[PDB]
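All remarks here apply to the structure that follows.
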Amino acid sequence: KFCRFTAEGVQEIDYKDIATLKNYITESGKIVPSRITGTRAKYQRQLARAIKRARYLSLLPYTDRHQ
Amino acid sequence: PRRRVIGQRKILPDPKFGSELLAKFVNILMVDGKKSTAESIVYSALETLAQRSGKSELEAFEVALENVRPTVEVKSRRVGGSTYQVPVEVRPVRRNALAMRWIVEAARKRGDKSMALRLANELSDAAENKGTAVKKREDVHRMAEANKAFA
Amino acid sequence: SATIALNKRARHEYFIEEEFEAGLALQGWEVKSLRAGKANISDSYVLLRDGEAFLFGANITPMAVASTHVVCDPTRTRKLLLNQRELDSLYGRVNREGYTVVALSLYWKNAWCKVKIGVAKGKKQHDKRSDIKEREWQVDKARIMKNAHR
Amino acid sequence: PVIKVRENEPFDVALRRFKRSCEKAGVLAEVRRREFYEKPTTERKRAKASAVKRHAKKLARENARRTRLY
Amino acid sequence: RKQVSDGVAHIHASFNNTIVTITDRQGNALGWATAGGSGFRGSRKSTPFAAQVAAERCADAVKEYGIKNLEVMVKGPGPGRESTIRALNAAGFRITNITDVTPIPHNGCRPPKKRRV
RNA sequence: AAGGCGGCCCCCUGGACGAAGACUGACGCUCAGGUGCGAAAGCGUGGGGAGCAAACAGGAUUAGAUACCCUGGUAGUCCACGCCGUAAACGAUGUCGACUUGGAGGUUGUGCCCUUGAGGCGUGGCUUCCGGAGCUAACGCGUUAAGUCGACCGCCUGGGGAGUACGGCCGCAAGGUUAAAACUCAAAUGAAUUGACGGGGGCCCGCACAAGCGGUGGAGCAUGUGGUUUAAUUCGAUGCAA
Ligand SMILES: [Mg+2]
Ligand SMILES: [Mg+2]
Ligand SMILES: [Mg+2]
Ligand SMILES: [Mg+2]
Ligand SMILES: [Mg+2]
Ligand SMILES: [Mg+2]
Ligand SMILES: [Mg+2]
Ligand SMILES: [Mg+2]
Ligand SMILES: [Mg+2]
Ligand SMILES: [Mg+2]
Ligand SMILES: [Mg+2]
Ligand SMILES: [Mg+2]
Ligand SMILES: [Mg+2]
Ligand SMILES: [Mg+2]
């Protein structure tokens, strides 16, 4: 059910990658729900953790403004 | 009113001139079904104010009527003691009728020599935007902007 | 202000439309207690007989027993001070088998006691329920309108 | 949330883009639920009721197509 | 006194009132208006027309500073989230940003209990 | 296992499932006493306390409002060690075994096929919805049975009195646990059916409102009703429908 991974076989989303990871967050720094992304239950679940790690490491913003 | 969308009944052809607006005005003015007396009075006031103004009779009546035909009124579709008032723009069909009703209401307010003289002054000053109908219209128009929170 | 004991339970029980500010005729201890001494207006009605609409229902706490020669009682039929112009309405629309006249409040005016009286019908539980229903429903409708408007 | 007007943009479309961005982000819908406190008991109740209704409406709509030709 | 070229408008709309204020660049406010201070009070002041009038009154009290651009920051849920913007645009301003700032907690402090009206 | 558990990271650890492989050889299920865990509220000690909030203060509606609403606000909610062991602790369904038609899914493994797309064919674990036979007073359950059985434990025998008092135990306390008797009653009950009602929802009609017009209530005039007075003011009609 990993629509964005069927032809790639990544099998593990890494928080280091941002180029193919910023497509799963909207302009306001919110994760696009799997209901819309069409992502597998495990792949979306680990991608959320990867995005959280990136936010902790200041790779992705928490909010749009983030003053 | 609920399921029927009525049309409109034809008005008198106005034998003197041929103005359906004049027919509507005389029908509003007349009371108790006494058409003869009301028509005579309105014709006499018709002549007096036309000869007082100087211009053409109907061409002056139309310009005096369009100057106190209102544009937006205030209504209240609320139930209970508390009420909210909403402005509604009048359609052209009801605009002339409301203007004529205001004119005839303001006519019976002066102690002149006769009803024709009562009509004449308040009919002629409408062209110059004076009298009682114009006075109430310039406040009805202000009522719309008095509280225009909901429209 | 000058307001003294008023009956609001009767005001709730009735929907009075009549308001007469007629006065009252009293003895000494009556006005003594009315100035200070708790004259009670609860359970008040008139007793129109001849031209003598006594306020039958009215209690009072006596100031003292100074008037020892004659023994008085709080339960006295206090008379009424009303114009003959309006006394005809009481001569008339009081005998309707369902109409009464009751006292609402009692106050002072230039050291004279005036007891307000009014003509009422009487509410039975099934219309008090409707009155409370409407009272709460107006509030609920206004609240719903405000919530919808946001 | 952050909507900067591009070069030579009408005010109407500039405000419309802001409104659409706010609607997509769901800002007005978050305050309406964070204004008051909702206990976990009623939160789970509402979630279960919403899921049941969403399931039932879809089932009824799909099952009503194979009946009542017109 | 001073003359600023461009500023930042702030909106603090709610379900009862609307506050529009003007800042120069950094945090120094140089003009503000409210819906309750424009004649409207109680239920009427929560209407978007009150917010629109307050925005006009605030824009008419900033002429001394002579600003021309307004980086608007909309905050608070209320009818004044668009009427104030319309009034500011009609008052002759060239807005540069339409930023929306909202204090949405991340499941932080407990909100007050629900009203059992 | 239940209660319950939601940023991220680290340290220790319990539990569940599957591909293939060998042994241990009935070691297997349940359980009166007993022990342990056990929502929140509550109590003791030592801290912490931003927001919320019992008690409490003020305002407001109401005949009254010791409430619902508004403005503040203490215990509490938080941390560590301690105490009670109460819940609609609910799937109102005690644990295990096998047998008894299907469809649509959810999550998580595994074998093979040209894996050109979340292509297909099988097989397991958990769980959701619909439903056949069967069961039930009905609602409903329906391979995760409330279908037919087997092994074990607990409980029920009319509604009140009452899970109340006494009595034994636990507990600093609040209280928990085991648990009656006298007296009264002809019922107390649950699933469903037809009406009626809802300050429940949806749709529709009528001068019922909205846009008019004219009147009534104001002051005599012609009538009937109520009470008044008299010997009678003869009797009936007493909401809309007098
Ligand atoms: Mg509040
Ligand atoms: Mg483990
Ligand atoms: Mg045991
Ligand atoms: Mg606790
Ligand atoms: Mg508080
Ligand atoms: Mg409070
Ligand atoms: Mg404590
Ligand atoms: Mg129990
Ligand atoms: Mg149970
Ligand atoms: Mg066991
Ligand atoms: Mg499980
Ligand atoms: Mg079923
Ligand atoms: Mg006990
Ligand atoms: Mg109601």
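Lettering and numbering for the structure tokens are positional, with chains as A, B, ... in the shown order, residues counted from 1 in each chain, and ligands counted from 1 in the shown order.
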Subject >> For residue F:237: contacts at 12 Å, only C-alpha atoms (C1' of nucleotides), fewer than 2 positions along chain excluded, given as a count of residues only >> reply: 5
Subject >> Exercise answer, 10 Å around ligand 7 with only C-alpha atoms (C1' of nucleotides) and all ligand atoms, as a PyMOL selection string >> reply: chain F and resi 42-45+75-78
I need the chosen residues saved as a PDB file, in the first residue's frame, with C-alpha atoms (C1' of nucleotides).
ATOM      1  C1'   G F  42     -10.157  10.136  48.795  1.00  0.00           C
ATOM      2  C1'   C F  43      -6.293  10.262  53.170  1.00  0.00           C
ATOM      3  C1'   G F  44      -0.662  10.816  55.524  1.00  0.00           C
ATOM      4  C1'   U F  45       4.261  12.669  54.939  1.00  0.00           C
ATOM      5  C1'   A F  75      -8.465  21.487  48.458  1.00  0.00           C
ATOM      6  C1'   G F  76      -7.653  18.725  44.191  1.00  0.00           C
ATOM      7  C1'   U F  77      -5.600  17.865  39.332  1.00  0.00           C
ATOM      8  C1'   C F  78       1.333  17.414  39.201  1.00  0.00           C
TER       9        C F  78
END
Please, which residues in chain F fall within 9 Å of ligand 9 when counting only C-alpha atoms (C1' of nucleotides) and all ligand atoms, and what is the closest atom pair and distance in Å to one decimal for each, ordered by chain then residue number, as a Markdown table?
| residue | atom | partner | partner_atom_place_in_ligand_line | distance |
| --- | --- | --- | --- | --- |
| F:88 | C1' | ligand 9 | 1 (Mg) | 8.5 |
| F:89 | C1' | ligand 9 | 1 (Mg) | 7.7 |
| F:90 | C1' | ligand 9 | 1 (Mg) | 6.5 |
| F:92 | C1' | ligand 9 | 1 (Mg) | 5.7 |
Residue subset to file, keeping C-alpha atoms (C1' of nucleotides), as a PDB file, in the first residue's frame:
ATOM      1  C1'   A F  88     -22.461   1.718  33.875  1.00  0.00           C
ATOM      2  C1'   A F  89     -14.309  -1.822  36.468  1.00  0.00           C
ATOM      3  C1'   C F  90     -19.734  -2.959  29.991  1.00  0.00           C
ATOM      4  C1'   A F  92     -24.329  -5.535  31.376  1.00  0.00           C
TER       5        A F  92
END
Subject >> Nearby polymer residues, ligand 5, at most 10 Å, only C-alpha atoms (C1' of nucleotides) and all ligand atoms, as a PyMOL selection string >> reply: (chain E and resi 112-113) or (chain F and resi 51-53+71-73)
Subject >> Residues within 12 Å of residue E:82, only C-alpha atoms (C1' of nucleotides), excluding chain neighbours under 4 positions, as JSON, numbers by chain >> reply: {"D": [11, 12, 14, 15, 16, 18, 19], "E": [11, 13, 18, 20, 47, 48, 49, 51, 52, 55, 72, 73, 74, 75, 76, 77, 78, 86, 87, 88, 89, 98, 100]}
Store the residues picked out above, limited to N, CA and C atoms, as a PDB file, in the first residue's frame.
ATOM      1  N   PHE D  11      -6.721  42.664  -5.253  1.00  0.00           N
ATOM      2  CA  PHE D  11      -7.017  42.450  -3.840  1.00  0.00           C
ATOM      3  C   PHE D  11      -8.020  41.321  -3.645  1.00  0.00           C
ATOM      4  N   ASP D  12      -8.997  41.204  -4.546  1.00  0.00           N
ATOM      5  CA  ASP D  12     -10.010  40.162  -4.411  1.00  0.00           C
ATOM      6  C   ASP D  12      -9.381  38.774  -4.456  1.00  0.00           C
ATOM      7  N   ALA D  14      -6.209  38.102  -4.051  1.00  0.00           N
ATOM      8  CA  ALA D  14      -5.242  37.996  -2.962  1.00  0.00           C
ATOM      9  C   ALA D  14      -5.916  37.556  -1.668  1.00  0.00           C
ATOM     10  N   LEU D  15      -7.089  38.114  -1.370  1.00  0.00           N
ATOM     11  CA  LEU D  15      -7.839  37.704  -0.188  1.00  0.00           C
ATOM     12  C   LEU D  15      -8.467  36.327  -0.361  1.00  0.00           C
ATOM     13  N   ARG D  16      -8.876  35.979  -1.584  1.00  0.00           N
ATOM     14  CA  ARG D  16      -9.439  34.656  -1.830  1.00  0.00           C
ATOM     15  C   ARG D  16      -8.402  33.564  -1.601  1.00  0.00           C
ATOM     16  N   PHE D  18      -5.880  33.757   0.475  1.00  0.00           N
ATOM     17  CA  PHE D  18      -5.735  33.676   1.926  1.00  0.00           C
ATOM     18  C   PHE D  18      -6.870  32.873   2.551  1.00  0.00           C
ATOM     19  N   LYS D  19      -8.106  33.126   2.112  1.00  0.00           N
ATOM     20  CA  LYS D  19      -9.251  32.391   2.642  1.00  0.00           C
ATOM     21  C   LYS D  19      -9.138  30.901   2.341  1.00  0.00           C
TER      22      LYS D  19
ATOM     23  N   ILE E  11      -4.864  42.239  13.785  1.00  0.00           N
ATOM     24  CA  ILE E  11      -6.278  42.033  14.074  1.00  0.00           C
ATOM     25  C   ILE E  11      -6.396  41.034  15.216  1.00  0.00           C
ATOM     26  N   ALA E  13      -9.550  39.715  16.450  1.00  0.00           N
ATOM     27  CA  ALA E  13     -10.985  39.470  16.437  1.00  0.00           C
ATOM     28  C   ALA E  13     -11.350  38.347  17.398  1.00  0.00           C
ATOM     29  N   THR E  18     -13.651  43.142  18.246  1.00  0.00           N
ATOM     30  CA  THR E  18     -12.596  43.141  17.243  1.00  0.00           C
ATOM     31  C   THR E  18     -11.695  44.342  17.481  1.00  0.00           C
ATOM     32  N   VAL E  20      -8.287  46.359  16.042  1.00  0.00           N
ATOM     33  CA  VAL E  20      -7.346  46.571  14.948  1.00  0.00           C
ATOM     34  C   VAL E  20      -6.309  47.592  15.394  1.00  0.00           C
ATOM     35  N   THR E  47     -20.869  42.252  15.458  1.00  0.00           N
ATOM     36  CA  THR E  47     -21.195  42.176  14.040  1.00  0.00           C
ATOM     37  C   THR E  47     -19.999  42.600  13.194  1.00  0.00           C
ATOM     38  N   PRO E  48     -19.848  42.050  11.986  1.00  0.00           N
ATOM     39  CA  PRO E  48     -18.724  42.460  11.128  1.00  0.00           C
ATOM     40  C   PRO E  48     -18.757  43.926  10.733  1.00  0.00           C
ATOM     41  N   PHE E  49     -19.933  44.561  10.726  1.00  0.00           N
ATOM     42  CA  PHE E  49     -20.004  45.980  10.397  1.00  0.00           C
ATOM     43  C   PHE E  49     -19.282  46.826  11.437  1.00  0.00           C
ATOM     44  N   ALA E  51     -16.669  45.863  13.174  1.00  0.00           N
ATOM     45  CA  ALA E  51     -15.249  45.695  12.882  1.00  0.00           C
ATOM     46  C   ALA E  51     -14.835  46.521  11.670  1.00  0.00           C
ATOM     47  N   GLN E  52     -15.681  46.561  10.638  1.00  0.00           N
ATOM     48  CA  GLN E  52     -15.372  47.363   9.458  1.00  0.00           C
ATOM     49  C   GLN E  52     -15.293  48.847   9.796  1.00  0.00           C
ATOM     50  N   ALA E  55     -12.066  49.473  11.732  1.00  0.00           N
ATOM     51  CA  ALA E  55     -10.917  49.502  10.834  1.00  0.00           C
ATOM     52  C   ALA E  55     -10.799  50.848  10.128  1.00  0.00           C
ATOM     53  N   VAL E  72      -0.538  42.735   6.931  1.00  0.00           N
ATOM     54  CA  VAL E  72      -1.611  42.417   7.862  1.00  0.00           C
ATOM     55  C   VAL E  72      -1.355  41.068   8.529  1.00  0.00           C
ATOM     56  N   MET E  73      -1.703  40.989   9.814  1.00  0.00           N
ATOM     57  CA  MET E  73      -1.610  39.765  10.607  1.00  0.00           C
ATOM     58  C   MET E  73      -2.973  39.565  11.267  1.00  0.00           C
ATOM     59  N   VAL E  74      -3.728  38.601  10.758  1.00  0.00           N
ATOM     60  CA  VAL E  74      -5.065  38.309  11.259  1.00  0.00           C
ATOM     61  C   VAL E  74      -4.974  37.291  12.387  1.00  0.00           C
ATOM     62  N   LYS E  75      -5.650  37.588  13.496  1.00  0.00           N
ATOM     63  CA  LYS E  75      -5.621  36.720  14.667  1.00  0.00           C
ATOM     64  C   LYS E  75      -7.000  36.706  15.309  1.00  0.00           C
ATOM     65  N   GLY E  76      -7.428  35.526  15.748  1.00  0.00           N
ATOM     66  CA  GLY E  76      -8.684  35.375  16.442  1.00  0.00           C
ATOM     67  C   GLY E  76      -9.839  35.061  15.514  1.00  0.00           C
ATOM     68  N   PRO E  77     -10.673  34.098  15.908  1.00  0.00           N
ATOM     69  CA  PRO E  77     -11.856  33.742  15.113  1.00  0.00           C
ATOM     70  C   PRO E  77     -12.996  34.716  15.368  1.00  0.00           C
ATOM     71  N   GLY E  78     -13.465  35.362  14.303  1.00  0.00           N
ATOM     72  CA  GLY E  78     -14.548  36.307  14.416  1.00  0.00           C
ATOM     73  C   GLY E  78     -14.996  36.856  13.078  1.00  0.00           C
ATOM     74  N   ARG E  86     -11.199  44.349   4.139  1.00  0.00           N
ATOM     75  CA  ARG E  86     -11.900  45.110   3.108  1.00  0.00           C
ATOM     76  C   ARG E  86     -11.814  46.608   3.382  1.00  0.00           C
ATOM     77  N   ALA E  87     -12.018  47.002   4.642  1.00  0.00           N
ATOM     78  CA  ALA E  87     -11.951  48.415   4.997  1.00  0.00           C
ATOM     79  C   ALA E  87     -10.546  48.973   4.798  1.00  0.00           C
ATOM     80  N   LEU E  88      -9.521  48.211   5.186  1.00  0.00           N
ATOM     81  CA  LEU E  88      -8.147  48.665   4.993  1.00  0.00           C
ATOM     82  C   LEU E  88      -7.817  48.813   3.514  1.00  0.00           C
ATOM     83  N   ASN E  89      -8.273  47.869   2.685  1.00  0.00           N
ATOM     84  CA  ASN E  89      -8.044  47.983   1.249  1.00  0.00           C
ATOM     85  C   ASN E  89      -8.766  49.191   0.665  1.00  0.00           C
ATOM     86  N   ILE E  98      -0.588  38.834   3.982  1.00  0.00           N
ATOM     87  CA  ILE E  98      -1.890  38.560   4.582  1.00  0.00           C
ATOM     88  C   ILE E  98      -1.722  37.519   5.682  1.00  0.00           C
ATOM     89  N   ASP E 100      -1.606  35.051   8.694  1.00  0.00           N
ATOM     90  CA  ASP E 100      -2.595  34.651   9.691  1.00  0.00           C
ATOM     91  C   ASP E 100      -1.842  34.015  10.854  1.00  0.00           C
TER      92      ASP E 100
END
**OP:** Please return, as a PyMOL selection string, all residues of chain F lying within 9 Å of chain C when only C-alpha atoms (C1' of nucleotides) are considered.
**Re:** chain F and resi 63-64+199+226-228
Go ahead and dump the residues you just picked, N, CA, C and O atoms (P, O5', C5', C4', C3', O3' and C1' of nucleotides), as a PDB file, in the first residue's frame.
ATOM      1  P     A F  63     -40.954  35.972  38.153  1.00  0.00           P
ATOM      2  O5'   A F  63     -40.927  35.848  39.739  1.00  0.00           O
ATOM      3  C5'   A F  63     -41.467  36.871  40.563  1.00  0.00           C
ATOM      4  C4'   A F  63     -41.535  36.432  42.004  1.00  0.00           C
ATOM      5  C3'   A F  63     -40.279  35.774  42.553  1.00  0.00           C
ATOM      6  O3'   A F  63     -39.307  36.717  42.969  1.00  0.00           O
ATOM      7  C1'   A F  63     -42.176  34.484  43.138  1.00  0.00           C
ATOM      8  P     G F  64     -37.750  36.463  42.669  1.00  0.00           P
ATOM      9  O5'   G F  64     -37.348  35.304  43.684  1.00  0.00           O
ATOM     10  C5'   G F  64     -37.475  35.485  45.087  1.00  0.00           C
ATOM     11  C4'   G F  64     -37.407  34.169  45.820  1.00  0.00           C
ATOM     12  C3'   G F  64     -36.210  33.292  45.493  1.00  0.00           C
ATOM     13  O3'   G F  64     -35.041  33.669  46.196  1.00  0.00           O
ATOM     14  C1'   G F  64     -38.176  31.992  45.410  1.00  0.00           C
ATOM     15  P     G F 199     -42.025  21.171  21.124  1.00  0.00           P
ATOM     16  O5'   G F 199     -41.285  22.508  21.574  1.00  0.00           O
ATOM     17  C5'   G F 199     -39.962  22.791  21.140  1.00  0.00           C
ATOM     18  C4'   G F 199     -39.050  23.122  22.295  1.00  0.00           C
ATOM     19  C3'   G F 199     -38.535  21.943  23.105  1.00  0.00           C
ATOM     20  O3'   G F 199     -37.437  21.292  22.491  1.00  0.00           O
ATOM     21  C1'   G F 199     -39.296  23.635  24.570  1.00  0.00           C
ATOM     22  P     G F 226     -76.636  36.147  32.551  1.00  0.00           P
ATOM     23  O5'   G F 226     -75.431  36.638  33.470  1.00  0.00           O
ATOM     24  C5'   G F 226     -74.312  35.798  33.714  1.00  0.00           C
ATOM     25  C4'   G F 226     -73.197  36.551  34.396  1.00  0.00           C
ATOM     26  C3'   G F 226     -73.583  37.310  35.656  1.00  0.00           C
ATOM     27  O3'   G F 226     -73.619  36.477  36.802  1.00  0.00           O
ATOM     28  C1'   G F 226     -72.287  38.707  34.252  1.00  0.00           C
ATOM     29  P     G F 227     -74.941  36.402  37.712  1.00  0.00           P
ATOM     30  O5'   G F 227     -74.720  37.534  38.810  1.00  0.00           O
ATOM     31  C5'   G F 227     -73.579  37.521  39.657  1.00  0.00           C
ATOM     32  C4'   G F 227     -73.207  38.916  40.090  1.00  0.00           C
ATOM     33  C3'   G F 227     -74.319  39.719  40.750  1.00  0.00           C
ATOM     34  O3'   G F 227     -74.443  39.439  42.133  1.00  0.00           O
ATOM     35  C1'   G F 227     -73.288  41.028  39.071  1.00  0.00           C
ATOM     36  P     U F 228     -75.875  39.523  42.858  1.00  0.00           P
ATOM     37  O5'   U F 228     -76.129  41.087  43.036  1.00  0.00           O
ATOM     38  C5'   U F 228     -75.229  41.900  43.776  1.00  0.00           C
ATOM     39  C4'   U F 228     -75.432  43.361  43.464  1.00  0.00           C
ATOM     40  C3'   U F 228     -76.844  43.887  43.673  1.00  0.00           C
ATOM     41  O3'   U F 228     -77.097  44.239  45.023  1.00  0.00           O
ATOM     42  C1'   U F 228     -76.051  44.573  41.552  1.00  0.00           C
TER      43        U F 228
END
**OP:** Have a look at atom CA of residue B:117 and atom CA of residue B:140 and let me know their distance in Å, one decimal.
**Re:**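 So the two atoms, atom CA of residue B:117 and atom CA of residue B:140, lie 26.2 Å apart.
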Original post:
When DSSP works through the backbone of this structure, what residues of stretch 68-110 of chain E end up as strand (DSSP E or B), shown as a count of residues only?
Top reply: 11
Shell of 12 Å around ligand 8 (only C-alpha atoms (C1' of nucleotides) and all ligand atoms), written as a PDB file with C-alpha atoms (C1' of nucleotides), in the first residue's frame:
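The resulting pocket_6.pdb:
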ATOM      1  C1'   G F  85     -10.067  -1.199  47.043  1.00  0.00           C
ATOM      2  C1'   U F  86     -14.637   1.434  45.106  1.00  0.00           C
ATOM      3  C1'   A F  87     -17.262   2.357  38.952  1.00  0.00           C
ATOM      4  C1'   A F  88     -22.461   1.718  33.875  1.00  0.00           C
ATOM      5  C1'   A F  89     -14.309  -1.822  36.468  1.00  0.00           C
ATOM      6  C1'   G F 163     -26.748  -4.665  50.121  1.00  0.00           C
ATOM      7  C1'   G F 176     -15.079  -1.580  52.133  1.00  0.00           C
ATOM      8  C1'   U F 177     -16.124  -6.708  52.872  1.00  0.00           C
TER       9        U F 177
END
